[PDB]
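Quick look at entry23.pdb (PDB, C-alpha atoms and all ligand atoms):
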```pdb
ATOM      1  CA  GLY A   1       0.786  -0.990  20.204  1.00  0.00           C
ATOM      2  CA  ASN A   2       0.253  -0.499  16.552  1.00  0.00           C
ATOM      3  CA  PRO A   3       0.688  -3.656  14.459  1.00  0.00           C
ATOM      4  CA  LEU A   4       3.846  -4.318  12.442  1.00  0.00           C
ATOM      5  CA  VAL A   5       3.449  -6.130   9.083  1.00  0.00           C
ATOM      6  CA  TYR A   6       5.888  -7.092   6.344  1.00  0.00           C
ATOM      7  CA  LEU A   7       5.951  -7.452   2.517  1.00  0.00           C
ATOM      8  CA  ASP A   8       8.719  -9.394   0.790  1.00  0.00           C
ATOM      9  CA  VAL A   9       9.047  -8.212  -2.741  1.00  0.00           C
ATOM     10  CA  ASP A  10      10.700  -9.563  -5.918  1.00  0.00           C
ATOM     11  CA  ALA A  11      11.499  -7.807  -9.224  1.00  0.00           C
ATOM     12  CA  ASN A  12      11.482 -10.306 -12.189  1.00  0.00           C
ATOM     13  CA  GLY A  13      11.929 -13.201  -9.696  1.00  0.00           C
ATOM     14  CA  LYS A  14      14.932 -11.625  -7.934  1.00  0.00           C
ATOM     15  CA  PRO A  15      14.507 -10.684  -4.229  1.00  0.00           C
ATOM     16  CA  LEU A  16      14.618  -6.984  -3.352  1.00  0.00           C
ATOM     17  CA  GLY A  17      14.117  -7.551   0.352  1.00  0.00           C
ATOM     18  CA  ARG A  18      11.520  -6.690   2.970  1.00  0.00           C
ATOM     19  CA  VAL A  19       9.364  -3.646   3.750  1.00  0.00           C
ATOM     20  CA  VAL A  20       8.137  -3.444   7.376  1.00  0.00           C
ATOM     21  CA  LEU A  21       5.122  -1.163   8.000  1.00  0.00           C
ATOM     22  CA  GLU A  22       3.560   0.175  11.193  1.00  0.00           C
ATOM     23  CA  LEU A  23      -0.190   0.361  10.861  1.00  0.00           C
ATOM     24  CA  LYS A  24      -1.604   3.239  12.905  1.00  0.00           C
ATOM     25  CA  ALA A  25      -4.497   1.403  14.546  1.00  0.00           C
ATOM     26  CA  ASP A  26      -4.651   4.130  17.226  1.00  0.00           C
ATOM     27  CA  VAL A  27      -5.749   6.757  14.669  1.00  0.00           C
ATOM     28  CA  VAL A  28      -7.478   4.695  11.976  1.00  0.00           C
ATOM     29  CA  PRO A  29      -8.359   1.317  13.502  1.00  0.00           C
ATOM     30  CA  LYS A  30     -10.691   0.063  10.734  1.00  0.00           C
ATOM     31  CA  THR A  31      -8.323   0.918   7.915  1.00  0.00           C
ATOM     32  CA  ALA A  32      -5.401  -0.495   9.859  1.00  0.00           C
ATOM     33  CA  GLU A  33      -7.258  -3.788  10.613  1.00  0.00           C
ATOM     34  CA  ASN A  34      -8.091  -4.257   6.925  1.00  0.00           C
ATOM     35  CA  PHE A  35      -4.433  -4.043   5.864  1.00  0.00           C
ATOM     36  CA  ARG A  36      -3.282  -6.348   8.693  1.00  0.00           C
ATOM     37  CA  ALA A  37      -5.745  -9.111   7.791  1.00  0.00           C
ATOM     38  CA  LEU A  38      -4.899  -8.780   4.104  1.00  0.00           C
ATOM     39  CA  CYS A  39      -1.163  -9.271   4.974  1.00  0.00           C
ATOM     40  CA  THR A  40      -1.914 -12.422   7.022  1.00  0.00           C
ATOM     41  CA  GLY A  41      -4.315 -13.847   4.456  1.00  0.00           C
ATOM     42  CA  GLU A  42      -6.588 -14.879   7.354  1.00  0.00           C
ATOM     43  CA  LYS A  43      -9.834 -14.237   5.540  1.00  0.00           C
ATOM     44  CA  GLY A  44      -8.739 -16.612   2.699  1.00  0.00           C
ATOM     45  CA  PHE A  45      -7.624 -13.735   0.453  1.00  0.00           C
ATOM     46  CA  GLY A  46      -4.946 -10.991   0.542  1.00  0.00           C
ATOM     47  CA  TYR A  47      -1.769  -9.440  -0.851  1.00  0.00           C
ATOM     48  CA  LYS A  48       0.384 -12.598  -1.243  1.00  0.00           C
ATOM     49  CA  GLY A  49       1.154 -13.148  -4.963  1.00  0.00           C
ATOM     50  CA  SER A  50      -0.025  -9.713  -6.040  1.00  0.00           C
ATOM     51  CA  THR A  51       1.979  -6.931  -7.660  1.00  0.00           C
ATOM     52  CA  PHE A  52       3.024  -3.307  -7.588  1.00  0.00           C
ATOM     53  CA  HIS A  53       1.094  -2.465 -10.752  1.00  0.00           C
ATOM     54  CA  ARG A  54       1.728   1.307 -10.714  1.00  0.00           C
ATOM     55  CA  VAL A  55       5.071   2.922  -9.780  1.00  0.00           C
ATOM     56  CA  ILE A  56       6.046   6.512 -10.536  1.00  0.00           C
ATOM     57  CA  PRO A  57       9.545   7.856  -9.503  1.00  0.00           C
ATOM     58  CA  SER A  58       9.411  10.823  -7.058  1.00  0.00           C
ATOM     59  CA  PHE A  59       5.815  10.058  -6.270  1.00  0.00           C
ATOM     60  CA  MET A  60       4.850   6.581  -5.027  1.00  0.00           C
ATOM     61  CA  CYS A  61       4.619   2.814  -5.357  1.00  0.00           C
ATOM     62  CA  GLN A  62       1.044   1.390  -5.738  1.00  0.00           C
ATOM     63  CA  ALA A  63      -0.009  -2.254  -5.186  1.00  0.00           C
ATOM     64  CA  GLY A  64      -2.820  -4.413  -3.840  1.00  0.00           C
ATOM     65  CA  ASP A  65      -5.140  -5.396  -6.737  1.00  0.00           C
ATOM     66  CA  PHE A  66      -5.273  -9.102  -5.847  1.00  0.00           C
ATOM     67  CA  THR A  67      -8.552  -9.764  -7.728  1.00  0.00           C
ATOM     68  CA  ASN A  68      -7.846  -8.438 -11.225  1.00  0.00           C
ATOM     69  CA  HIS A  69      -4.099  -7.655 -11.043  1.00  0.00           C
ATOM     70  CA  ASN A  70      -4.679  -4.599 -13.366  1.00  0.00           C
ATOM     71  CA  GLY A  71      -5.435  -1.677 -10.999  1.00  0.00           C
ATOM     72  CA  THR A  72      -9.223  -1.939 -11.241  1.00  0.00           C
ATOM     73  CA  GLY A  73      -9.916  -4.502  -8.411  1.00  0.00           C
ATOM     74  CA  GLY A  74      -9.171  -5.465  -4.851  1.00  0.00           C
ATOM     75  CA  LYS A  75     -11.554  -5.746  -1.926  1.00  0.00           C
ATOM     76  CA  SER A  76     -11.548  -5.139   1.787  1.00  0.00           C
ATOM     77  CA  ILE A  77     -12.353  -7.526   4.634  1.00  0.00           C
ATOM     78  CA  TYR A  78     -15.662  -5.532   5.129  1.00  0.00           C
ATOM     79  CA  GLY A  79     -16.852  -6.002   1.502  1.00  0.00           C
ATOM     80  CA  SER A  80     -15.628  -4.695  -1.830  1.00  0.00           C
ATOM     81  CA  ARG A  81     -15.499  -1.017  -0.701  1.00  0.00           C
ATOM     82  CA  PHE A  82     -15.586   0.907   2.559  1.00  0.00           C
ATOM     83  CA  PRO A  83     -15.683   4.552   3.667  1.00  0.00           C
ATOM     84  CA  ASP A  84     -12.907   7.054   4.312  1.00  0.00           C
ATOM     85  CA  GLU A  85     -12.307   6.592   8.108  1.00  0.00           C
ATOM     86  CA  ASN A  86     -10.644   9.993   8.675  1.00  0.00           C
ATOM     87  CA  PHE A  87      -8.013  12.307   7.239  1.00  0.00           C
ATOM     88  CA  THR A  88      -6.203  12.974  10.506  1.00  0.00           C
ATOM     89  CA  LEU A  89      -2.813  11.699   9.300  1.00  0.00           C
ATOM     90  CA  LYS A  90      -1.055  13.525   6.497  1.00  0.00           C
ATOM     91  CA  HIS A  91       1.239  12.695   3.612  1.00  0.00           C
ATOM     92  CA  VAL A  92       4.272  14.169   5.430  1.00  0.00           C
ATOM     93  CA  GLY A  93       7.116  12.641   3.395  1.00  0.00           C
ATOM     94  CA  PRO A  94       8.728   9.407   2.085  1.00  0.00           C
ATOM     95  CA  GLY A  95       7.561   6.112   3.706  1.00  0.00           C
ATOM     96  CA  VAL A  96       3.919   7.145   4.185  1.00  0.00           C
ATOM     97  CA  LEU A  97       1.372   4.320   3.769  1.00  0.00           C
ATOM     98  CA  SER A  98      -1.906   5.425   2.233  1.00  0.00           C
ATOM     99  CA  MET A  99      -5.077   4.071   0.653  1.00  0.00           C
ATOM    100  CA  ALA A 100      -5.606   4.200  -3.095  1.00  0.00           C
ATOM    101  CA  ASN A 101      -9.196   4.970  -4.209  1.00  0.00           C
ATOM    102  CA  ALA A 102     -11.523   5.661  -7.095  1.00  0.00           C
ATOM    103  CA  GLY A 103     -13.161   8.690  -5.429  1.00  0.00           C
ATOM    104  CA  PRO A 104     -14.448   9.523  -1.962  1.00  0.00           C
ATOM    105  CA  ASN A 105     -15.376   6.438   0.178  1.00  0.00           C
ATOM    106  CA  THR A 106     -14.085   3.673  -2.158  1.00  0.00           C
ATOM    107  CA  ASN A 107     -11.288   2.042  -0.169  1.00  0.00           C
ATOM    108  CA  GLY A 108     -10.748  -1.608  -1.058  1.00  0.00           C
ATOM    109  CA  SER A 109      -7.242  -3.178  -0.860  1.00  0.00           C
ATOM    110  CA  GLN A 110      -5.096  -1.009  -3.080  1.00  0.00           C
ATOM    111  CA  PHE A 111      -2.471   1.032  -1.285  1.00  0.00           C
ATOM    112  CA  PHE A 112       0.589   3.106  -1.899  1.00  0.00           C
ATOM    113  CA  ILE A 113       3.890   3.956  -0.272  1.00  0.00           C
ATOM    114  CA  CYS A 114       5.073   7.511  -0.848  1.00  0.00           C
ATOM    115  CA  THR A 115       8.606   8.317  -1.961  1.00  0.00           C
ATOM    116  CA  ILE A 116       8.209  12.064  -1.213  1.00  0.00           C
ATOM    117  CA  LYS A 117       5.838  14.422   0.550  1.00  0.00           C
ATOM    118  CA  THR A 118       2.524  14.114  -1.331  1.00  0.00           C
ATOM    119  CA  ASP A 119       0.702  16.912   0.574  1.00  0.00           C
ATOM    120  CA  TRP A 120      -1.634  17.470  -2.436  1.00  0.00           C
ATOM    121  CA  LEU A 121      -3.306  14.138  -1.459  1.00  0.00           C
ATOM    122  CA  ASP A 122      -4.085  15.377   2.078  1.00  0.00           C
ATOM    123  CA  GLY A 123      -7.801  15.103   2.642  1.00  0.00           C
ATOM    124  CA  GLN A 124      -8.061  12.839  -0.501  1.00  0.00           C
ATOM    125  CA  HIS A 125      -6.452   9.523   0.546  1.00  0.00           C
ATOM    126  CA  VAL A 126      -6.570   7.999   4.063  1.00  0.00           C
ATOM    127  CA  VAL A 127      -3.058   7.715   5.471  1.00  0.00           C
ATOM    128  CA  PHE A 128      -2.913   4.714   7.776  1.00  0.00           C
ATOM    129  CA  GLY A 129       0.740   3.837   8.371  1.00  0.00           C
ATOM    130  CA  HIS A 130       4.449   4.326   7.860  1.00  0.00           C
ATOM    131  CA  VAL A 131       7.576   2.397   6.705  1.00  0.00           C
ATOM    132  CA  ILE A 132       9.606   1.267   9.813  1.00  0.00           C
ATOM    133  CA  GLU A 133      12.306  -0.623   7.907  1.00  0.00           C
ATOM    134  CA  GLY A 134      13.088  -1.235   4.204  1.00  0.00           C
ATOM    135  CA  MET A 135      12.867   2.289   2.737  1.00  0.00           C
ATOM    136  CA  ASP A 136      15.852   1.128   0.662  1.00  0.00           C
ATOM    137  CA  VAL A 137      13.601  -1.674  -0.621  1.00  0.00           C
ATOM    138  CA  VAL A 138      10.964   0.946  -1.574  1.00  0.00           C
ATOM    139  CA  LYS A 139      13.682   2.935  -3.477  1.00  0.00           C
ATOM    140  CA  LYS A 140      14.521  -0.238  -5.446  1.00  0.00           C
ATOM    141  CA  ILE A 141      10.844  -0.754  -6.285  1.00  0.00           C
ATOM    142  CA  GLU A 142      10.767   2.923  -7.324  1.00  0.00           C
ATOM    143  CA  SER A 143      13.707   2.401  -9.658  1.00  0.00           C
ATOM    144  CA  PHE A 144      11.478   0.005 -11.742  1.00  0.00           C
ATOM    145  CA  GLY A 145       8.671   2.568 -12.294  1.00  0.00           C
ATOM    146  CA  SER A 146       8.204   5.262 -14.970  1.00  0.00           C
ATOM    147  CA  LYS A 147       6.408   8.594 -15.584  1.00  0.00           C
ATOM    148  CA  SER A 148       3.247   6.682 -16.566  1.00  0.00           C
ATOM    149  CA  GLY A 149       3.358   4.256 -13.720  1.00  0.00           C
ATOM    150  CA  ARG A 150       4.034   1.331 -16.049  1.00  0.00           C
ATOM    151  CA  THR A 151       6.741  -0.827 -14.470  1.00  0.00           C
ATOM    152  CA  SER A 152       9.852  -2.076 -16.350  1.00  0.00           C
ATOM    153  CA  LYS A 153       9.938  -5.393 -14.468  1.00  0.00           C
ATOM    154  CA  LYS A 154       7.224  -7.423 -12.780  1.00  0.00           C
ATOM    155  CA  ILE A 155       7.237  -6.334  -9.104  1.00  0.00           C
ATOM    156  CA  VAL A 156       5.717  -9.121  -6.964  1.00  0.00           C
ATOM    157  CA  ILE A 157       4.789  -9.416  -3.265  1.00  0.00           C
ATOM    158  CA  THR A 158       6.105 -13.006  -2.894  1.00  0.00           C
ATOM    159  CA  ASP A 159       5.167 -13.116   0.776  1.00  0.00           C
ATOM    160  CA  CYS A 160       3.703 -10.948   3.546  1.00  0.00           C
ATOM    161  CA  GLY A 161       2.444 -11.295   7.092  1.00  0.00           C
ATOM    162  CA  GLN A 162       2.194  -9.924  10.609  1.00  0.00           C
ATOM    163  CA  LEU A 163       5.313  -9.544  12.819  1.00  0.00           C
ATOM    164  CA  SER A 164       3.507  -8.070  15.847  1.00  0.00           C
TER     165      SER A 164
HETATM  166  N1  LIG A 201     -10.704   0.162  -4.255  1.00  0.00           N
HETATM  167  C1  LIG A 201     -10.069   0.775  -5.434  1.00  0.00           C
HETATM  168  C2  LIG A 201      -9.012   1.657  -5.211  1.00  0.00           C
HETATM  169  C3  LIG A 201      -8.398   2.244  -6.311  1.00  0.00           C
HETATM  170  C4  LIG A 201      -8.824   1.954  -7.614  1.00  0.00           C
HETATM  171  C5  LIG A 201      -8.119   2.574  -8.759  1.00  0.00           C
HETATM  172  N2  LIG A 201      -7.923   3.993  -8.578  1.00  0.00           N
HETATM  173  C6  LIG A 201      -6.727   4.577  -8.603  1.00  0.00           C
HETATM  174  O1  LIG A 201      -5.716   3.941  -8.850  1.00  0.00           O
HETATM  175  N3  LIG A 201      -6.708   5.881  -8.264  1.00  0.00           N
HETATM  176  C7  LIG A 201      -5.507   6.658  -8.107  1.00  0.00           C
HETATM  177  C8  LIG A 201      -4.913   6.535  -6.712  1.00  0.00           C
HETATM  178  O2  LIG A 201      -5.624   6.109  -5.803  1.00  0.00           O
HETATM  179  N4  LIG A 201      -3.626   6.938  -6.526  1.00  0.00           N
HETATM  180  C9  LIG A 201      -2.917   7.089  -5.245  1.00  0.00           C
HETATM  181  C10 LIG A 201      -1.554   7.716  -5.539  1.00  0.00           C
HETATM  182  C11 LIG A 201      -1.312   7.306  -6.986  1.00  0.00           C
HETATM  183  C12 LIG A 201      -2.701   7.351  -7.621  1.00  0.00           C
HETATM  184  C13 LIG A 201      -2.917   8.758  -8.064  1.00  0.00           C
HETATM  185  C14 LIG A 201      -3.577   9.699  -7.243  1.00  0.00           C
HETATM  186  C15 LIG A 201      -3.681  11.018  -7.707  1.00  0.00           C
HETATM  187  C16 LIG A 201      -3.169  11.365  -8.975  1.00  0.00           C
HETATM  188  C17 LIG A 201      -2.504  10.444  -9.773  1.00  0.00           C
HETATM  189  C18 LIG A 201      -2.376   9.126  -9.325  1.00  0.00           C
HETATM  190  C19 LIG A 201      -9.879   1.061  -7.848  1.00  0.00           C
HETATM  191  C20 LIG A 201     -10.497   0.465  -6.748  1.00  0.00           C
END
```
Could you render the structure from this file as structure tokens?
Amino acid sequence: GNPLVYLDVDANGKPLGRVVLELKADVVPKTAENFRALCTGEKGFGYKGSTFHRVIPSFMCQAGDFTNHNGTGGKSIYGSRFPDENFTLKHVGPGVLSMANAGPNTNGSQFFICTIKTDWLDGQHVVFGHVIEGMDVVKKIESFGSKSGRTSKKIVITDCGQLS
């Protein structure tokens, strides 16, 4: 079936727990495969050690810039950027897993987990998964964000990987 991956997340060096995500390979296989491989680190790069650099309450938690750590970088397993696969899945509510971008067809590694329905992003950002467990962990991450996105503690993916 669709892969399951995990992120273990700290806030100023204190464990928050684990987020488990289903990647919807059956709808967006390319986009799903990118995230998977970046969780495992199997290409020699990926999410381990990187941060949630932009977190806004009642919107979303953004992470995945493992090259520059500032929200400008990241790269995919296909090269630095790749196209929008499709917009079949929608931003239907909390726990949606979606690709951050800098305009049409600029997916790299940056991603976000929604904390509400973000239906205004439908057709703008490729949804490619959903939280299976750890939505309480996402709420804790959310509690360290702000209107601007600037976080109040350093939110770190200490470890990540593939479960199935
Ligand atoms: N490969 C790559 C991907 C993203 C960027 C930075 N762009 C960004 O952060 N854009 C905004 C974005 O994607 N999102 C996703 C949800 C939160 C935020 C956003 C979107 C719409 C309005 C306000 C913030 C640079 C390189």
Using all atoms listed in the file, pick whichever of A:41, A:145, A:129, A:3 has the shortest atom-to-atom distance to residue 88 of chain A. A:129
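A distance cut-off of 12 Å around (12.1, 11.0, -7.1), counting all atoms listed in the file, selects these protein and nucleic acid residues: residues 55, 56, 57, 58, 59, 60, 61, 93, 94, 114, 115, 116, 117, 118, 138, 139, 140, 141, 142, 143, 144, 145, 146 and 147 of chain A.
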Can you measure atom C9 of ligand LIG 201 (chain A) to atom CA of residue 122 of chain A for me? One decimal in Å is fine. 11.1 Å
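The shortest atom-to-atom distance to residue 131 of chain A, with all atoms listed in the file taken into account, belongs to A:97 out of A:27, A:97, A:102, A:77.
All protein, DNA and RNA residues at most 12 Å from (14.7, -6.1, 0.8) are residues 6, 7, 8, 9, 10, 11, 14, 15, 16, 17, 18, 19, 20, 133, 134, 135, 136, 137, 138, 139, 140, 141, 157, 158 and 159 of chain A, using all atoms listed in the file.
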Would you write out those residues with C-alpha atoms, as an mmCIF file, in the frame of the given file?
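Listing of again_33.cif after writing:
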```
data_model
loop_
_atom_site.group_PDB
_atom_site.id
_atom_site.type_symbol
_atom_site.label_atom_id
_atom_site.label_comp_id
_atom_site.auth_asym_id
_atom_site.auth_seq_id
_atom_site.Cartn_x
_atom_site.Cartn_y
_atom_site.Cartn_z
ATOM 1 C CA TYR A 6 5.888 -7.092 6.344
ATOM 2 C CA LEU A 7 5.951 -7.452 2.517
ATOM 3 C CA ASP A 8 8.719 -9.394 0.790
ATOM 4 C CA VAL A 9 9.047 -8.212 -2.741
ATOM 5 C CA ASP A 10 10.700 -9.563 -5.918
ATOM 6 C CA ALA A 11 11.499 -7.807 -9.224
ATOM 7 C CA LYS A 14 14.932 -11.625 -7.934
ATOM 8 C CA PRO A 15 14.507 -10.684 -4.229
ATOM 9 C CA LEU A 16 14.618 -6.984 -3.352
ATOM 10 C CA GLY A 17 14.117 -7.551 0.352
ATOM 11 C CA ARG A 18 11.520 -6.690 2.970
ATOM 12 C CA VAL A 19 9.364 -3.646 3.750
ATOM 13 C CA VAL A 20 8.137 -3.444 7.376
ATOM 14 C CA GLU A 133 12.306 -0.623 7.907
ATOM 15 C CA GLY A 134 13.088 -1.235 4.204
ATOM 16 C CA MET A 135 12.867 2.289 2.737
ATOM 17 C CA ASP A 136 15.852 1.128 0.662
ATOM 18 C CA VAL A 137 13.601 -1.674 -0.621
ATOM 19 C CA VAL A 138 10.964 0.946 -1.574
ATOM 20 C CA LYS A 139 13.682 2.935 -3.477
ATOM 21 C CA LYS A 140 14.521 -0.238 -5.446
ATOM 22 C CA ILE A 141 10.844 -0.754 -6.285
ATOM 23 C CA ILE A 157 4.789 -9.416 -3.265
ATOM 24 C CA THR A 158 6.105 -13.006 -2.894
ATOM 25 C CA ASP A 159 5.167 -13.116 0.776
#
```
Selection within 8 Å of ligand LIG 201 (chain A) by only C-alpha atoms and all ligand atoms, output as a short mmCIF file (atom, residue, chain, number, x, y, z; two decimals) with C-alpha atoms, keeping the file's coordinate frame:
```cif
data_model
loop_
_atom_site.label_atom_id
_atom_site.label_comp_id
_atom_site.auth_asym_id
_atom_site.auth_seq_id
_atom_site.Cartn_x
_atom_site.Cartn_y
_atom_site.Cartn_z
CA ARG A 54 1.73 1.31 -10.71
CA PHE A 59 5.82 10.06 -6.27
CA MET A 60 4.85 6.58 -5.03
CA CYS A 61 4.62 2.81 -5.36
CA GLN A 62 1.04 1.39 -5.74
CA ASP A 65 -5.14 -5.40 -6.74
CA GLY A 71 -5.44 -1.68 -11.00
CA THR A 72 -9.22 -1.94 -11.24
CA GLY A 73 -9.92 -4.50 -8.41
CA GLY A 74 -9.17 -5.46 -4.85
CA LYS A 75 -11.55 -5.75 -1.93
CA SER A 80 -15.63 -4.70 -1.83
CA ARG A 81 -15.50 -1.02 -0.70
CA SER A 98 -1.91 5.42 2.23
CA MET A 99 -5.08 4.07 0.65
CA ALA A 100 -5.61 4.20 -3.10
CA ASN A 101 -9.20 4.97 -4.21
CA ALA A 102 -11.52 5.66 -7.10
CA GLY A 103 -13.16 8.69 -5.43
CA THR A 106 -14.08 3.67 -2.16
CA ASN A 107 -11.29 2.04 -0.17
CA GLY A 108 -10.75 -1.61 -1.06
CA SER A 109 -7.24 -3.18 -0.86
CA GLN A 110 -5.10 -1.01 -3.08
CA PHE A 111 -2.47 1.03 -1.28
CA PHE A 112 0.59 3.11 -1.90
CA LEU A 121 -3.31 14.14 -1.46
CA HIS A 125 -6.45 9.52 0.55
#
```
Regenerate segment 76-95 of chain A at the level of N, CA, C and O atoms and dump it as a PDB file, keeping the file's coordinate frame.
```pdb
ATOM      1  N   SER A  76     -11.885  -5.241   0.403  1.00  0.00           N
ATOM      2  CA  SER A  76     -11.548  -5.139   1.787  1.00  0.00           C
ATOM      3  C   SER A  76     -12.164  -6.337   2.491  1.00  0.00           C
ATOM      4  O   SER A  76     -12.976  -7.058   1.928  1.00  0.00           O
ATOM      5  N   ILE A  77     -11.765  -6.515   3.739  1.00  0.00           N
ATOM      6  CA  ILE A  77     -12.353  -7.526   4.634  1.00  0.00           C
ATOM      7  C   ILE A  77     -13.788  -7.178   5.058  1.00  0.00           C
ATOM      8  O   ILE A  77     -14.439  -8.006   5.622  1.00  0.00           O
ATOM      9  N   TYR A  78     -14.261  -5.949   4.814  1.00  0.00           N
ATOM     10  CA  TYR A  78     -15.662  -5.532   5.129  1.00  0.00           C
ATOM     11  C   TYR A  78     -16.636  -5.698   3.957  1.00  0.00           C
ATOM     12  O   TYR A  78     -17.843  -5.470   4.138  1.00  0.00           O
ATOM     13  N   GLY A  79     -16.109  -6.028   2.765  1.00  0.00           N
ATOM     14  CA  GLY A  79     -16.852  -6.002   1.502  1.00  0.00           C
ATOM     15  C   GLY A  79     -16.007  -5.316   0.442  1.00  0.00           C
ATOM     16  O   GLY A  79     -14.883  -4.928   0.716  1.00  0.00           O
ATOM     17  N   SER A  80     -16.511  -5.143  -0.772  1.00  0.00           N
ATOM     18  CA  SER A  80     -15.628  -4.695  -1.830  1.00  0.00           C
ATOM     19  C   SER A  80     -15.111  -3.258  -1.594  1.00  0.00           C
ATOM     20  O   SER A  80     -13.992  -2.965  -1.986  1.00  0.00           O
ATOM     21  N   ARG A  81     -15.914  -2.382  -0.969  1.00  0.00           N
ATOM     22  CA  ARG A  81     -15.499  -1.017  -0.701  1.00  0.00           C
ATOM     23  C   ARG A  81     -15.978  -0.544   0.640  1.00  0.00           C
ATOM     24  O   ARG A  81     -17.016  -0.984   1.109  1.00  0.00           O
ATOM     25  N   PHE A  82     -15.218   0.367   1.255  1.00  0.00           N
ATOM     26  CA  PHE A  82     -15.586   0.907   2.559  1.00  0.00           C
ATOM     27  C   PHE A  82     -15.223   2.372   2.660  1.00  0.00           C
ATOM     28  O   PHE A  82     -14.370   2.866   1.850  1.00  0.00           O
ATOM     29  N   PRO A  83     -15.864   3.092   3.617  1.00  0.00           N
ATOM     30  CA  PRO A  83     -15.683   4.552   3.667  1.00  0.00           C
ATOM     31  C   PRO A  83     -14.349   5.047   4.090  1.00  0.00           C
ATOM     32  O   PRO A  83     -13.577   4.317   4.701  1.00  0.00           O
ATOM     33  N   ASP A  84     -14.106   6.330   3.791  1.00  0.00           N
ATOM     34  CA  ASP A  84     -12.907   7.054   4.312  1.00  0.00           C
ATOM     35  C   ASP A  84     -13.123   7.215   5.830  1.00  0.00           C
ATOM     36  O   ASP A  84     -14.065   7.942   6.258  1.00  0.00           O
ATOM     37  N   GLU A  85     -12.261   6.534   6.621  1.00  0.00           N
ATOM     38  CA  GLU A  85     -12.307   6.592   8.108  1.00  0.00           C
ATOM     39  C   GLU A  85     -12.032   7.998   8.682  1.00  0.00           C
ATOM     40  O   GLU A  85     -12.851   8.557   9.382  1.00  0.00           O
ATOM     41  N   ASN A  86     -10.888   8.577   8.383  1.00  0.00           N
ATOM     42  CA  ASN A  86     -10.644   9.993   8.675  1.00  0.00           C
ATOM     43  C   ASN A  86      -9.475  10.441   7.829  1.00  0.00           C
ATOM     44  O   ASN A  86      -8.821   9.605   7.104  1.00  0.00           O
ATOM     45  N   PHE A  87      -9.211  11.742   7.878  1.00  0.00           N
ATOM     46  CA  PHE A  87      -8.013  12.307   7.239  1.00  0.00           C
ATOM     47  C   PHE A  87      -7.085  12.947   8.242  1.00  0.00           C
ATOM     48  O   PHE A  87      -6.391  13.908   7.921  1.00  0.00           O
ATOM     49  N   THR A  88      -7.053  12.405   9.453  1.00  0.00           N
ATOM     50  CA  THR A  88      -6.203  12.974  10.506  1.00  0.00           C
ATOM     51  C   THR A  88      -4.687  12.935  10.182  1.00  0.00           C
ATOM     52  O   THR A  88      -3.970  13.893  10.381  1.00  0.00           O
ATOM     53  N   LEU A  89      -4.207  11.801   9.656  1.00  0.00           N
ATOM     54  CA  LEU A  89      -2.813  11.699   9.300  1.00  0.00           C
ATOM     55  C   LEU A  89      -2.615  12.285   7.919  1.00  0.00           C
ATOM     56  O   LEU A  89      -3.502  12.168   7.019  1.00  0.00           O
ATOM     57  N   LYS A  90      -1.423  12.839   7.728  1.00  0.00           N
ATOM     58  CA  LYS A  90      -1.055  13.525   6.497  1.00  0.00           C
ATOM     59  C   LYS A  90       0.099  12.882   5.771  1.00  0.00           C
ATOM     60  O   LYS A  90       0.890  12.082   6.333  1.00  0.00           O
ATOM     61  N   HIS A  91       0.202  13.228   4.496  1.00  0.00           N
ATOM     62  CA  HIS A  91       1.239  12.695   3.612  1.00  0.00           C
ATOM     63  C   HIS A  91       2.524  13.560   3.764  1.00  0.00           C
ATOM     64  O   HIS A  91       2.820  14.416   2.930  1.00  0.00           O
ATOM     65  N   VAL A  92       3.248  13.289   4.843  1.00  0.00           N
ATOM     66  CA  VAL A  92       4.272  14.169   5.430  1.00  0.00           C
ATOM     67  C   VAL A  92       5.642  13.996   4.788  1.00  0.00           C
ATOM     68  O   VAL A  92       6.455  14.915   4.828  1.00  0.00           O
ATOM     69  N   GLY A  93       5.895  12.833   4.167  1.00  0.00           N
ATOM     70  CA  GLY A  93       7.116  12.641   3.395  1.00  0.00           C
ATOM     71  C   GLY A  93       7.266  11.211   2.894  1.00  0.00           C
ATOM     72  O   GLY A  93       6.319  10.452   2.909  1.00  0.00           O
ATOM     73  N   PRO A  94       8.490  10.820   2.521  1.00  0.00           N
ATOM     74  CA  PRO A  94       8.728   9.407   2.085  1.00  0.00           C
ATOM     75  C   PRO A  94       8.390   8.377   3.176  1.00  0.00           C
ATOM     76  O   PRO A  94       8.539   8.661   4.386  1.00  0.00           O
ATOM     77  N   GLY A  95       7.881   7.213   2.763  1.00  0.00           N
ATOM     78  CA  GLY A  95       7.561   6.112   3.706  1.00  0.00           C
ATOM     79  C   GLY A  95       6.138   6.120   4.232  1.00  0.00           C
ATOM     80  O   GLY A  95       5.753   5.229   4.965  1.00  0.00           O
TER      81      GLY A  95
END
```
